[PDB]
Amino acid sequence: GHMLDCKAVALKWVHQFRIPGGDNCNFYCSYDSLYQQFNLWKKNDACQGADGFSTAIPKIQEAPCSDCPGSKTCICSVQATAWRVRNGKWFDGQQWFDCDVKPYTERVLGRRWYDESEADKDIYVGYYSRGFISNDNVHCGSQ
């Protein structure tokens, strides 16, 4: 057979922090360190289908913070797509797993998930995750 009820999930690991206004965000974050955060994502979750994850894309963002005492806001992130993820609830033989994007993202990235409707400027925890459906109704297997 074929299981045609899997989804592709766009995932993003975020570190948002403040730095002194005379510094640059690239003194704190590197493409190398963000790639190593990606390597720490769980790649064998019970909800994971075949074909693993896309190439990770590191990103560094900087802006002066109006509300801070002379500080800049740094947003260091690494994004990738989980090509094939199960839909619904999944029984692995011993227990149930919720394969919804929020609980799936939190298990795989290990940080609290926030809906894309909540902007980075309205999130006050330092480490968090993003996850949303980028493709629905894909095969769960690689064929």
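Start at 1 and count along the sequence shown; that's the residue number.
- For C29, the recorded CA temperature factor ranks within the highest third of the chain's modelled residues.
- Annotation for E116: C-alpha temperature factor in the middle third relative to the rest of the modelled chain, per the entry.
- In the deposited entry, the Cα temperature factor of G52 places it in the highest third of its chain's modelled residues.
- Sorting the modelled residues of the chain by their CA temperature factor places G22 in the middle third.
- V14: CA B factor lies in the lowest third for its chain, per the PDB record.
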